[PDB]
file coords-v4.csv (CSV, N, CA, C and O atoms)
chain,number,residue,atom,x,y,z
B,1,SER,N,-7.5,-6.5,-6.6
B,1,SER,CA,-6.3,-7.4,-6.9
B,1,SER,C,-5.7,-7.2,-8.3
B,1,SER,O,-5.2,-8.2,-8.9
B,2,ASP,N,-5.7,-6.0,-8.8
B,2,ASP,CA,-5.1,-5.6,-10.2
B,2,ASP,C,-4.9,-4.1,-10.2
B,2,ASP,O,-5.6,-3.4,-10.9
B,3,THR,N,-3.9,-3.6,-9.4
B,3,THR,CA,-3.5,-2.2,-9.3
B,3,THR,C,-1.9,-2.2,-9.4
B,3,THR,O,-1.2,-2.2,-8.5
B,4,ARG,N,-1.5,-2.4,-10.7
B,4,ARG,CA,0.0,-2.4,-11.0
B,4,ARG,C,0.6,-1.0,-11.0
B,4,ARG,O,1.7,-0.9,-10.4
B,5,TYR,N,-0.1,0.0,-11.5
B,5,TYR,CA,0.3,1.4,-11.5
B,5,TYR,C,-0.1,2.2,-10.2
B,5,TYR,O,-0.3,3.4,-10.1
B,6,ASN,N,-0.3,1.4,-9.1
B,6,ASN,CA,-0.7,1.8,-7.7
B,6,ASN,C,0.1,1.0,-6.6
B,6,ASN,O,0.4,1.6,-5.6
B,7,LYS,N,0.3,-0.3,-6.8
B,7,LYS,CA,1.1,-1.2,-5.8
B,7,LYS,C,0.2,-1.4,-4.5
B,7,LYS,O,0.7,-1.0,-3.4
B,8,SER,N,-1.0,-2.0,-4.6
B,8,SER,CA,-1.9,-2.2,-3.5
B,8,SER,C,-2.1,-0.9,-2.5
B,8,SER,O,-1.9,-1.0,-1.3
B,9,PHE,N,-2.5,0.3,-3.1
B,9,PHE,CA,-2.7,1.6,-2.4
B,9,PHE,C,-1.4,2.1,-1.7
B,9,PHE,O,-1.5,2.5,-0.5
B,10,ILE,N,-0.2,2.0,-2.3
B,10,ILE,CA,1.1,2.5,-1.8
B,10,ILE,C,1.5,1.5,-0.6
B,10,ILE,O,1.6,2.0,0.6
B,11,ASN,N,1.6,0.1,-0.8
B,11,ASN,CA,2.0,-0.9,0.3
B,11,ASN,C,1.0,-0.7,1.5
B,11,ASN,O,1.5,-0.6,2.6
B,12,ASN,N,-0.3,-0.7,1.3
B,12,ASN,CA,-1.3,-0.6,2.4
B,12,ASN,C,-1.1,0.8,3.2
B,12,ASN,O,-1.1,0.7,4.4
B,13,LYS,N,-1.0,1.9,2.5
B,13,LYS,CA,-0.7,3.3,3.2
B,13,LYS,C,0.6,3.2,4.1
B,13,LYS,O,0.6,3.7,5.2
B,14,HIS,N,1.7,2.6,3.5
B,14,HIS,CA,3.0,2.4,4.2
B,14,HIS,C,2.7,1.5,5.5
B,14,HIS,O,3.2,1.9,6.6
B,15,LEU,N,1.9,0.4,5.5
B,15,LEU,CA,1.6,-0.5,6.6
B,15,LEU,C,0.8,0.4,7.7
B,15,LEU,O,1.0,0.3,8.9
B,16,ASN,N,-0.2,1.3,7.2
B,16,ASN,CA,-1.0,2.2,8.1
B,16,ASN,C,0.0,3.1,8.9
B,16,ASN,O,-0.1,3.3,10.1
B,17,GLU,N,1.1,3.7,8.3
B,17,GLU,CA,2.2,4.5,8.9
B,17,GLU,C,3.0,3.7,10.0
B,17,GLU,O,3.2,4.2,11.1
B,18,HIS,N,3.4,2.4,9.6
B,18,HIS,CA,4.1,1.5,10.5
B,18,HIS,C,3.4,1.2,11.9
B,18,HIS,O,3.7,1.8,12.9
B,19,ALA,N,2.4,0.3,11.8
B,19,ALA,CA,1.7,-0.2,13.0
B,19,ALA,C,1.0,-1.6,12.7
B,19,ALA,O,0.1,-1.7,12.0
B,20,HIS,N,1.6,-2.6,13.3
B,20,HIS,CA,1.2,-4.0,13.1
B,20,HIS,C,-0.1,-4.3,13.9
B,20,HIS,O,-1.2,-4.5,13.4
call {"tool": "encode", "arguments": {"input": "coords-v4.csv", "output": "structure tokens"}}
result
Amino acid sequence: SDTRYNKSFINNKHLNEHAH
């Protein structure tokens, strides 16, 4: 919960490649 120069691992791997 403190990765400013990362942004939560690139927005959660781009939402796991767009998959809800």
call {"tool": "atom_distance", "arguments": {"input": "coords-v4.csv", "atom1": "atom O of residue 8 in chain B", "atom2": "atom C of residue 20 in chain B"}}
result
15.7 Å
call {"tool": "atom_distance", "arguments": {"input": "coords-v4.csv", "atom1": "atom O of residue 2 in chain B", "atom2": "atom O of residue 18 in chain B"}}
result
26.1 Å
call {"tool": "atom_distance", "arguments": {"input": "coords-v4.csv", "atom1": "CA of residue 1 in chain B", "atom2": "atom O of residue 17 in chain B"}}
result
23.4 Å
